[PDB]
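Heads up: the structure comes next, in structure tokens.
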Amino acid sequence: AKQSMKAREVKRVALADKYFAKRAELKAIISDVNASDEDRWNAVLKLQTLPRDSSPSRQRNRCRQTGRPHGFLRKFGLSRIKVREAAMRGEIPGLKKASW
Amino acid sequence: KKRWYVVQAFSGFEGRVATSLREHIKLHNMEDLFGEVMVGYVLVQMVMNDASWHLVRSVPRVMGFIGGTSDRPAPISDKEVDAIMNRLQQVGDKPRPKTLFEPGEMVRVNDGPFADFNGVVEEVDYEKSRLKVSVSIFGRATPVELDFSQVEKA
Amino acid sequence: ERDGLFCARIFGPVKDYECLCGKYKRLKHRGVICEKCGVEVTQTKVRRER
Amino acid sequence: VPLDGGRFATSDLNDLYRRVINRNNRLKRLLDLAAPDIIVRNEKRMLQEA
Amino acid sequence: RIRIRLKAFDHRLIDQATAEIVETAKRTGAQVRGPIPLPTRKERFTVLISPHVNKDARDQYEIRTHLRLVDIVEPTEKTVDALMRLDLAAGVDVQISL
DNA sequence: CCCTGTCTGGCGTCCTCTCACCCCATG
DNA sequence: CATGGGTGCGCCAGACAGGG
């Protein structure tokens, strides 16, 4: 669609996989069933200083070439015409037209 | 005080050299001038007189002492260097080495057709004592189960 | 010997174009080194220069 | 190459190289084991003479 | 107890792969229980083809999947030895679970 | 330092034709 | 089975001590 939206995902994949791909205890487990004193509330206070773009909620699985937001499929990581773009020129193994 | 010395024998007849040395001691009855004999090198607890030096070199199948000179041959680097060498040999037979494979870790195979090959342990089974590691054989990863001793930790 | 005074991988195969035993007994893939045997795949006078 | 009988009549250089490699393996093992000074001096001296 | 699983798509290329690994094991180990297959596996996906309209053009494609299991009977130190870094089938995923 | 004695090395003809025999030794 | 350590040649010549 646009190079700028494809420029969003390279920034998106970077800072998210700085914290929210490996460091998961500080973002998930630290507010589980423990005492309701404000120290685990102090844990999510540190969660504000990080970029909110770095959350995995930001994850938009995009077309790697042209960046199309809607009509996606995860089994190829592609847009809905790219799976035909390899179906009709054979760039994907086993991808046969279902003649059922 | 009896200090240690190193004797060279014909390598292979070493136990017979040790027995003949004990027997020459109990023949020429310089019993107060020899402590032990440890086992191609023979370790001797000894003192240094020229008589005892001629005694040890008159023991058959013995070349001579090994030291700085042949006038006054040399005790050892450490006080119990002979005992240290014996302990190192014993530790060498034990050969304790890093040999295992855990989840997300490269390992080494040295047994079976997969010997001389490396791989990673995708799954581990401490209860079954088996590591799930695949070997890059002809490109395709060959997930095979190897024991901790069958493979070494990389 | 596997890796001795008279090795296979370090020098070459005794037989001409034969790798070692069960591998390459024709004239197609001259060079492949099977894990079955660390060995070169060349002629018979190749060891004289190596 | 062997003789008529079959026992291999070995060359002299194989004795020389096999001696140097036997002594070099012994010297690597003694420097692994941290033998004392006079042992590795005799070992390196035997390698020098070999 | 020793399993040789083979994982690919088509049965028209794995069919020479089950021939190469039972016979080369026969010359060296001769200890195998025979190929026991697995149900054929289907991944069908209907996808829209018109560039910006018309939710009717859905063409069915499928990445087909097949699995075949060899299962040699005895841990042979000759079958594995000769067939370690050896697999005729190209573009295939071999799983020699020992 | 300038001559004198010693100590080790380097070397000694070319072609052929048979023969005989090539590391013990052993716990 | 596999490894592990004689005493009859004579000249030249230069390097190494050895006086000198």
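Chains as they are written, first to last, in the entry's author numbering: chain A, 1 to 100; chain B, 6 to 44, 67 to 181; chain C, 52 to 101; chain D, 253 to 302; chain E, 5 to 102. Where is the CB? At the ideal position from N, CA and C, for every residue including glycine.
Item: Residue span of the alpha helix (DSSP H) that contains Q300(D), given as start and end; Value: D289 to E301
Item: Bridge-paired residues (DSSP) for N145(B); Value: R135(B)
Item: Alpha-carbon spacing of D67(C) relative to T95(C), whole angstroms; Value: 5 Å
Item: Stretch-stretch touch, CB-based, cutoff 8 Å, three pairs: the region 263 to 273 of chain D with the region 52 to 65 of chain E; Value: no
Item: Alpha carbon of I76(E) to alpha carbon of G55(C), nearest angstrom; Value: 35 Å
Item: Short Cβ contact (9 Å threshold) for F49(E) with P93(A); Value: no
Item: According to DSSP, residues forming a beta bridge with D97(E); Value: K11(E)
Item: Residue environment, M90(B), which counts as buried when at least 16 other CB atoms sit within 10 Å; Value: exposed
Item: Interface positions of the region 158 to 178 of chain B facing chain E (Cβ-Cβ less than 7 Å), listed along the chain; Value: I164, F165, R167, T169, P170, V171 and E172
Item: DSSP-derived helix/strand/coil call for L47(A); Value: coil
Item: Test item: CB-CB of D91(E) and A21(E) under 9 Å; Value: yes
Item: Sequence-distant residues of its chain with Cβ nearer than 8 Å to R40(A) (five each side left out); Value: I30, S31 and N34
Item: Element boundaries [beta strand (DSSP E), containing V89(B)]; Value: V89 to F92
Item: Simplified DSSP assignment, three categories, for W9(B); Value: strand
Item: Uninterrupted beta strand (DSSP E) stretches inside the region 31 to 55 of chain E (no shorter than 3 residues); Value: 48 to 52
Item: Cβ-based neighbour list, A86(E), same chain, cut-off 7 Å, excluding 5 preceding and 5 following; Value: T28 and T32
Item: Residue nearest to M298(D) in terms of C-alpha spacing, selected from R275(D), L283(D) and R281(D); Value: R275(D)
Item: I53(E) classed as buried or exposed, judged by whether at least 16 other C-beta atoms fall within 10 angstroms; Value: exposed
Item: Segment contact flag, the region 2 to 21 of chain A with the region 48 to 56 of chain A, C-beta cutoff 8 Å, min 3 pairs; Value: yes
Item: Residues bridged to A14(B) [DSSP beta-bridge criterion]; Value: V89(B)
Item: C-beta contact flag for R68(A) and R74(A) at 9 Å; Value: no
Item: Counterpart residues of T28(E) in DSSP-defined beta bridges; Value: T28(E) pairs with nothing; no bridge assigned.
Item: Test: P130(B) CB closer than 9 Å to a CB of chain C; Value: no
Item: Proximity below 9 Å, CB of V148(B) to CB of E129(B); Value: yes
Item: Inter-residue spacing [alpha-carbon to alpha-carbon] between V160(B) and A181(B); Value: 12 Å
Item: Contacting residues, own chain, Cβ-Cβ under 8 Å from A16(A) (five flanking each side not counted); Value: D53, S54, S55, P56, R58 and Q59
Item: With 16 other Cβ atoms within 10 Å as the buried cut-off, status of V84(E); Value: buried
Item: Chain-ordered chain D contacts of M112(B) [CB-CB under 8 Å]; Value: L285, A287, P288 and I291
Item: Option in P254(D), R278(D), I290(D) and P288(D) with minimal Cα separation from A302(D); Value: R278(D)
Item: Endpoints, the beta strand (DSSP E) within which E172(B) is located; Value: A168 to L173
Item: Enclosing alpha helix (DSSP H) for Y19(A) [first to last residue]; Value: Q3 to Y19
Item: Segment limits, beta strand (DSSP E) that includes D19(E); Value: Here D19(E) belongs to no beta strand (DSSP E), and DSSP marks it neither H nor E.
Item: Integer Cβ distance of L71(E) from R45(E), believed to fall under 8 Å; Value: 7 Å
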